[PDB]
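A short worksheet on the structure shown next.
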Amino acid sequence: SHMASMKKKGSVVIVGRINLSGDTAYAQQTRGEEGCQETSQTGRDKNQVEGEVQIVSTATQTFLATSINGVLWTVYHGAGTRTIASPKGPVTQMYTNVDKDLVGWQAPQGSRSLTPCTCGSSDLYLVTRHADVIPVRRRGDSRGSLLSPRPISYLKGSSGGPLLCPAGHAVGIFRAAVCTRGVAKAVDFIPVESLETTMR
Ligand SMILES: C=C[C@@H]1C[C@]1(NC(=O)[C@@H]1C[C@@H](Oc2nc3cc(OC)ccc3nc2Cl)CN1C(=O)[C@@H](NC(=O)OCCCCC)C(C)(C)C)C(=O)NS(=O)(=O)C1(C)CC1
Ligand SMILES: [Zn+2]
């Protein structure tokens, strides 16, 4: 009830990226934990951004975010309604859909965007926060099975990452693991078509 001392939630902060530009996928950190904490409070992030898949953090969580069609997309259960830190201060979400577990901000300057897939292909690849590339067979509009199941520990922190087609187009955004006794046999993802509808 004391408004003058009510606190403000910090911004989402880009702290690294999954580098996919060469022949080897690998994670890069671009900001450490203390600098992340400070940037979240100010919302002012002057670091150079590169690539399609960002590693992002709040004070309490770390996950991924993926640029498609000039929008940096991630999951509501990671970002909530938070702004993203940018060189000129905090930037408000331009998309928020809790029913899809989806949020989006204008893509940061220097990022590159994935192209939405139009291949109609069911052989997919999930990219994790550790830069593992996981073959996934599409099993429905929003589900795919891991060819080699992994404990959910392996996937934790990768929500907001992409599922890609063989040509590197974006097919969806990783949302939740389909888990049996702690083993992820399948994944739930936000189809790129759903992003495109949200954009309209
Ligand atoms: C392991 C990595 C997975 C990608 C990941 N995702 C999650 O953990 C999401 C968050 C939440 O699901 C949701 N929460 C929502 C919350 C909302 O408002 C608050 C609005 C909409 C929401 N819609 C969903 Cl679906 C639960 N869950 C699951 O995966 C669960 N499985 C599940 O429920 O399966 C059924 C559903 C489909 C198949 C059944 C698990 C935990 C495995 C038992 C991950 O990495 N997260 S994270 O980066 O570590 C992180 C926590 C730091 C962010
Ligand atoms: Zn494609």
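Here the authors' numbering is used: position 152 in the sequence shown is 1132, and no number is missing along the way.
Just so you know, even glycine gets a beta-carbon here, dropped at the ideal spot from N, CA and C.
- When the alpha-carbon of residue 1157 is set against those of 1049, 1147, 1170, 1145, the nearest one is in 1170.
- Here residue 1078 carries a coil assignment [DSSP, helix/strand/coil].
- In the DSSP assignment, the residues bridged to residue 1047 are 1052.
- A direct Cα-Cα distance of roughly 5 Å separates residue 1035 from residue 1044.
- DSSP, read as helix, strand or coil, puts residue 992 in strand.
- For residue 1041, the CB contacts under 6 Å within the same chain, skipping 5 residues up- and downstream, are 1058 in chain order.
- Shown here, residue 1015 sits in a helix according to DSSP, grouped into three states.
- Taking residue 1016 as the centre and dropping the five residues before and after it, the same chain places the C-beta of 993, 995, 1037 closer than 6 Å to its C-beta, in chain order.
- In the displayed model, residue 1135 falls within a helix according to three-state DSSP.
- Per DSSP, reduced to three states, the secondary structure at residue 1084 is strand.
- Cα atoms of residue 1152 and residue 1084: separation of roughly 14 Å, rounded to the nearest angstrom.
- Cβ-Cβ distances below 8 Å link residue 1090 to 1028, 1029, 1030 in the same chain, with the five nearest sequence neighbours on each side left out; the list follows chain order.
- Taking a cut-off of 5 Å from the heavy atoms of ligand 2, the residues with a C-beta inside it are 1097, 1099, 1145, 1147, 1149.
- Remark: the shortest separation between the CB of residue 1041 and any heavy atom of ligand 1 falls under 6 Å.
- Scanning its chain for C-beta atoms nearer than 7 Å, with the 5 sequence neighbours on each side dropped, one finds around residue 1047 the residues 1032, 1087, 1091, 1092, 1093, 1094, in chain order.
- In the pairwise beta carbon analysis, the region 1115-1123 is classified as not touching the region 1062-1075: fewer than three pairs are separated by under 8 Å.
- Ranked by Cα distance from residue 1080, the options 1105, 1067, 1103, 1053 are led by 1053.
- Where residue 1143 is concerned, the enclosing beta strand (DSSP E) starts and stops at 1142-1144.
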